[PDB]
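First, one chain by itself in structure tokens, the form deposited in one PDB entry.
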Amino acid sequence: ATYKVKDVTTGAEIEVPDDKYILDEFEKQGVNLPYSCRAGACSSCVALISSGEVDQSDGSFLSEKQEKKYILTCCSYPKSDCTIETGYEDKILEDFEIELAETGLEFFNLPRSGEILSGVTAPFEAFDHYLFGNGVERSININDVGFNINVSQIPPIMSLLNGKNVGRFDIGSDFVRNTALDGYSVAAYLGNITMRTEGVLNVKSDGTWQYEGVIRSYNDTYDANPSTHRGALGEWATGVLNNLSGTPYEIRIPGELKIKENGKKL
């Protein structure tokens, strides 16, 4: 039989006999491709295979898991129509990194889009999205993050409560939230964010006070590259980033958190 082998890199579509190697037949039709050994023992001729199947049993360089994703074009016979991407030598991954992507898809899943699942997996999902999400925006409602914000932690409010100010004050101010205050799980994907509180603070002459309002969040940019933030990644995440490049992305945090507190200054 013969099969059609479409190559996304060059655009060529070549009929390749099931008893001829893909490289040789593309060359025969005038499409020059990369190679070195031509003997199955290197990655010069490697191509991504996105659809179809080959017999590349003549080659030796790729692992069993790598052969699910890539082909050595010098020693591959097509067994069905195929879609490949030549010149992929610069982009092939080793087993531990192919399986990291697969696992994340299956564990968290359109995939790697929209809402982030609330709870203990959030910083894991966020890191996986950094690695494999290609910069697509994600979201989590402010009420699903697990913020634990109190007035003592909001300097625009405390500035009025700490001075001798009596009356009714309309507060509308941004402030930086170090989400370490909200727990390691949140800090591990949000870090420092900018938030906004809007509300009313009422302070009596005797020091009794009440605050009522809302808190909203501006969008945050997720970027795990260590030079862009405060946190230790740890040895495992450092390792992953020594082998894969991620893509920053925006996290949209919509909604209002209600805040209502009261006290008495002495």
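In this text, the rigid core denotes the largest set of C-alpha atoms whose superposition between the two forms falls within 1.5 Å. Sequential numbering from 1, following the sequence displayed.
There is another form of the same protein, the form deposited in another entry; it is not shown, and what comes next is about it.
Asks: Once the two forms are fit on the core, has residue 252 moved its CA by at least 2 Å between this form and the one not shown?
Replies: No, residue 252 moves less than 2 Å.
Asks: For residue 96, decide whether the Cα shift between this form and the one not shown is 2 Å or greater, given a superposition on the rigid core.
Replies: Passes the 2 Å threshold, so yes.
Asks: Please check if residue 86 moves between this form and the one not shown, taking a CA shift of 2 Å or more relative to the superposed core as movement.
Replies: For residue 86, whose C-alpha is compared between this form and the one not shown after core superposition, the shift is 2 Å or more.
Asks: Assuming the CA distance changes by 3 angstroms or more, are residue 135 and residue 48 closer together or farther apart in the other form compared with the shown structure?
Replies: Here the pair is closer than in the other form; there, farther apart.
Asks: Indicate closer or farther: the Cα atoms of residue 134 and residue 90, in the other form, relative to the displayed form, with a change of 3 Å or more.
Replies: More distant in the other form, by 3 Å or more.
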